[PDB]
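Chains here go by letter, A, B, C, D, E and F, matching the order in which they are written, and residues are numbered from 1 within each.
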Amino acid sequence: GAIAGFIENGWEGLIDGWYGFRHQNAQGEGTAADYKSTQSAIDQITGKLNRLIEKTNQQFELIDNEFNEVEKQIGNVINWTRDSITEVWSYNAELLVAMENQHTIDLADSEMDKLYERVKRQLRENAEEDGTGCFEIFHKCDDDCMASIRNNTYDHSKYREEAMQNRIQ
Amino acid sequence: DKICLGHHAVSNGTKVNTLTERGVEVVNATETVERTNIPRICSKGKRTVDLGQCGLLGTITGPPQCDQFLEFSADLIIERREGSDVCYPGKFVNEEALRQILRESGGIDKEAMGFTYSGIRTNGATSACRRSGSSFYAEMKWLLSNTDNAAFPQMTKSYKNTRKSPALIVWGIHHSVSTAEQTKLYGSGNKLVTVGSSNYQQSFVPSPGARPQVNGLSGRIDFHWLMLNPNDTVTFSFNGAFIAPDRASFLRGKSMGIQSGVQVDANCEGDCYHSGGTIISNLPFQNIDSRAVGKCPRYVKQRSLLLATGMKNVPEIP
Amino acid sequence: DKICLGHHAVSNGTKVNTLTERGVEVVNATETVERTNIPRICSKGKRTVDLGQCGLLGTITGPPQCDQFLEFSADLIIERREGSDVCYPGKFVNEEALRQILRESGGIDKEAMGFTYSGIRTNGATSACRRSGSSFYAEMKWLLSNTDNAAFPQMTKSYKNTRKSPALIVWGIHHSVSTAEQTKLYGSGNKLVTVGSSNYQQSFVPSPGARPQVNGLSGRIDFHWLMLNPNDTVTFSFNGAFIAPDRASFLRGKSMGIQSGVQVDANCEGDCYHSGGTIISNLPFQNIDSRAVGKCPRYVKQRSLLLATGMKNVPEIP
Amino acid sequence: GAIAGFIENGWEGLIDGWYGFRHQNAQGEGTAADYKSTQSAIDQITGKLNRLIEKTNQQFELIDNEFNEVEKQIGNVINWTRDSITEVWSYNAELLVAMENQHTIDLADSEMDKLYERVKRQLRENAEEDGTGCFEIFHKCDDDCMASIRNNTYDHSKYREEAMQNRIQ
Amino acid sequence: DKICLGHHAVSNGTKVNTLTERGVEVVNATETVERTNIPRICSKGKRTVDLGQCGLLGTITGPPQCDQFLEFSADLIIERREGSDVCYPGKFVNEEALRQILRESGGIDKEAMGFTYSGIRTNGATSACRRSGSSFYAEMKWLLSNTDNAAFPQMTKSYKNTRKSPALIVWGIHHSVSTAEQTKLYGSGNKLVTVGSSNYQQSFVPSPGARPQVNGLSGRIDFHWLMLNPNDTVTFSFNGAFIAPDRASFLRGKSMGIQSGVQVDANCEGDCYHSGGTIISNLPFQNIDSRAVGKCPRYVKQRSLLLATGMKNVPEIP
Amino acid sequence: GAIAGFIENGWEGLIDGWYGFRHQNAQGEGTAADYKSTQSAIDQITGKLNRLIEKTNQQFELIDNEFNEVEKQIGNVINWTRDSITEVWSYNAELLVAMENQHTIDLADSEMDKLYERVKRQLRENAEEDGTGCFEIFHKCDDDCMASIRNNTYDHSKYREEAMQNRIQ
């Protein structure tokens, strides 16, 4: 009945956010979402969306005719030009999406690290990494203490004596 | 006591592509390539003409089919496959260039050219241009000798464009089924039509000869056109086989022309069209029609290109 | 006790380019731009014709050089520089459009047009079209008066396309060295040839005059062509100086045409060609020929673009 | 006679993998490659390769003639269009390769960090970073112990007492 | 004791765009799109001709305006709007193709064609081509009958290109105001001009008729041109209404032609031009003129695209 | 009167470099720039600049006429081709700059981390992270000691006893 964070698995139960906290203390197990990192990621993704929505003001008119076919020579020149251009946009679209998606995925991982790194820096010398995305806290952390971490009001100085004692022996 | 950092995930994962992986699951994705078509012409906010049987070039010469459109006005112009520029069998020279011009004309304003004739019939008519009875193009005058086989006098008519915009001038050469018929209409001898401007100079000769019967007729009237610069003049020297214009055309402003085979809708508002309907989309790309016109997303070969809108989906360890 | 994490490296480093650096060494790289050419035409799996001396347009009119190809069939068509469409000096009108058509025709199927003549010679022949002795184009009939200086009667021949595909119709106008020669062949007076269809109308006049001697001859036969729609008819009214067709052409299906000056190979299998050979490559780009045709990688200016297939190469500290 | 990991130098002796381990204990010095990180990197690179191999089904035919030159006006329009298109693909190719290579290099560094970070998290409080990509292990690690690290079966709890003792004094 | 790691920042931040953000402040940025124009033609290092009133095509036929340029030489050729190819009213056939040819010719070298005439006047002149008194094109000969209404004998002149480069051959057809005037000049009867080469064959007829007065004249001289292959010959058979050439043209080498309405500068050095001046820039893009020519940065719609040249700007907490 | 590093703020007073050090000891407060990381970042940015300066040798000539308009059909084909191409380059330019800028920003952050990570590895067990980009040094570090860190000559072995003593209690 253990818990684990990122690094081989996500949380299908986290349904009110993208990134979040999951803890276990004497009061039991709990899971809450982090707002700041979630919104930051959402802001960046929608940012891409709006960018790809930016319409063009370039108007194009008919250059040939599908009722009465134009002359062969100029007609083949036109088809050759359009097909060439189509090849170009198809390539651009394929590359754009592939490139964007690679970045969307990476910046998502990036946000996860930043959150993990922030929590690590809050806990100072009062905790150790378990290697599953979790921290082993070497003191009593009731639900109020866990909440103090989630809102960045955890004062490690308060727990430092009790923690280092339990860590050393 | 223990606190873990994590990210959400689903069982409802959707695959996308990246630089490295093909089919990597993300939490959420959206489509970037439109395939959803509206099989109507969304004409709301746009003055629209459905020419129907009236060919676009027919709006200038004026066969019966185009009588309603002789001075039309539009923001959107719709050509139909059943359209025809012709009653008496024939075709324009440089037809497509002319169509491209009229598609963005915003419509046409006609003006009398004021030609007068003497010792000549101008009541040239045909069964093919039936308007009640036998008739002819509405903006043109089919000129004959006077009786039959009679000599057609040499003539020279001119017209100046006293307006600030170029004038669409259209005339026709008639090609009789036989020299026997050409003689019956305009008299014997070789026939020449000359057309002079100040940036244009051409010459025209009838080519009488047997041809297949179109609408029961083996004769052809091929049309020719030029644009007359402001304050410039055109001059028509001829001695028969000439289809004279009665009026000149002036472009009204700006429009867009399309060819389509679907109905119009005045409730929907669109700006990108193809022959099969209207494309309304905020997506950057489309896979409906390469020849789509107006303001459209770029055409691509692919039917689908999913854009990741969520992180990589990593299943929870059960 | 000590454990170190590391990555491999070489002394055999190869430089590539990035966004920031130019010439950054990586462990391993591969080329993305093909420069390797196969100086042969890889024709395996494809029915191939090496027209050689037979010009592609010559396959329709049929000079001696093209006698083997009068009803050819192919998936791949190869034009050669020594090719010629002509025996009696002349050229097609709209030649390139016609070539582009025949290059993807899959070959041609010929069919008699069934013309019959009276009070006229049809045995028009020349020293330039030598086939054993003096002869002429195989699919055409050079029509004369009857004796010499004799009058050439007006004629009117027609042909309907009773097939489901359009028919390639080709005729010729003859331009004599002098009016003296034109008279000797077709009699005195002005000569007119008219050609009528149901979407085509043209007219033709001979232009007799002195010209440089090609193949010893100062006369020219210029060819003209149209495509006859199914169930439509063409009509030829004329009175001399007319090169009549004997057969019509029908396109067999689909093919691809190239121009080349290298041999063919039936063992190699390719799909991208240029005049200098075949490009077989999985690389996305090529720097061989901008005009390469078939299914080819994109042409680029650069001869080389190395793609890193390994990490940055960092030498070991000795 | 010391050893050093990544951070100013690679290993030319590592010839059976891309990433690997190098240790020294009483039993001497040894070097082994890590499979998982090596294959992951290889999978990503070949992934790019297959993507750039994806051929087109767009067929193009002759639009001009190199035996009998076409008319000047339409001929110059054609050359102008082809040259313009060539400029576009040359640009795309240059950018594609430059962009790919920048990413190939970065994801390679990324894999190195992940491996280093994983090992760091295995060792817990029993080791310290030397700053050359190596870990100073504060206990006896025979060849069997070194192997336990490489296959992620190192139980820091087993060595924790001996380690913290040597670290503190 | 405490040590902190940090990065610089400013209050003078400049906004740029990325994949995700729009208007993210960076420390420093630079422009990638040129908008800075030099309203002069930077001609340093380049031999330059400012044709002025001389139309480019006029350099071949030689109206008075182009007398200084009859054998010009240049690296850069500048057309001006006030330029004219004509003294006696008319226009070239295939004019733009010819311009495109001459724009990169590097200039022209003229050579006598050596035609001689008998029983004919060659002193055809007009008030429109005033050079001191009434005159004509400098490189051409306006041929007449001999007295007035007199018969114009049939003639046949030929010229071979004995040089290693193709020869620009130009001739003219004259279109009289009336058949009365055509008769007065070249005698009665239909008039034909034939032009024969070894890859060219055409025919020409005058079209006498009333036209608007340009420069007081209702007559038109329309020019025609071909390129004569080395060692090939042209032949001119005619009987009136023919404007014969006196000299042929040979292209000097390589140049570039532009159209502009701004002055030239021999101090500035440029390589990208448009009608409004010169673009000198190392920037990859420009938003000045889509039709700019030479070696230019790519044209774009946007006026500005800032490239970050510094890190993200993060203000210090006060 | 405290000091703070990167993580919510830059230094407007750092005017002789891009990245730098700021310390406070008994001798007071001081700020110096780091050369190596600054130059590395500058080398990469200018590297992009030179790449975007690489001119083309493709020459283009007039294909139409602005004094005497060409024929309508071929004229409209030309305008249609040029406009299509213009749309392509406008897209490329927009994407190129957006993509470059995203990378310029990221590699700048990257350099900051590397510097922070390097200093962390110098200090070993003699310091702790405060979470504002700073290190709390648990021994006396005079101006000479601070300089030893900036030039990578800080020997943690020298201060290790005094530091661990102050950290533990």
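Here, a residue touches a chain if its C-beta (ideal position, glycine included) is under 8 Å from a C-beta of that chain, and two chains touch if they have at least 3 such contacts.
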{"item": "Option reproducing the contacts of A-B, where over half of them reappear, out of C-F, D-E or E-F", "value": "E-F"}
{"item": "Length of the line joining the C-alpha centres of chain A and chain C, rounded to whole Å", "value": "58"}
{"item": "Separation of mean Cα positions, chain F and chain A [Å, integer]", "value": "22"}
{"item": "Computed distance of Cα centres, chain D from chain C, in Å", "value": "52"}
{"item": "Sequence positions of chain D contacting 2 or more other chains", "value": "45, 48, 51, 56, 58, 60-61, 63, 73-74, 76-77, 81, 85-89, 92, 98-100, 102-103, 130, 168"}
{"item": "Sites on chain B at which at least two other chains make contact", "value": "19-20, 96, 100, 298, 301"}
{"item": "Chain contact graph, described as a line, ring, star, complete graph or other shape", "value": "complete"}
{"item": "All touching chain pairs, where touch follows the definition stated at the start", "value": "A-B, A-C, A-D, A-E, A-F, B-C, B-D, B-E, B-F, C-D, C-E, C-F, D-E, D-F, E-F"}
{"item": "Touch list for chain B against partner chain A, complex", "value": "1-11, 16-20, 24, 26, 30, 32-33, 79, 81, 83, 95-96, 99-100, 103-104, 256-259, 275, 282, 284-285, 290-291, 293-296, 298-302, 305-317"}
{"item": "Residues of chain A touching chain D in the complex", "value": "73-74, 76-77, 80-81, 83-88, 91-92, 95, 98-99, 102, 128-131, 167-168"}
{"item": "For the chain A and chain F complex, residues of the former touching the latter", "value": "51, 56, 58, 60-61, 63, 74, 77-78, 81, 85, 88-89, 92, 96, 99, 103, 118, 121-122, 124-125, 164, 168"}
{"item": "Chain F to chain B touching residues, read off their complex", "value": "71-73, 76, 87"}
{"item": "Chain A to chain B touching residues, read off their complex", "value": "3-6, 8-15, 17-26, 41, 45, 48-49, 52-53, 55-68, 70, 82, 86-87, 89-90, 92-94, 97-102, 104-105, 108-109, 112, 115-116, 119, 130, 132-137, 139-141, 146, 149"}
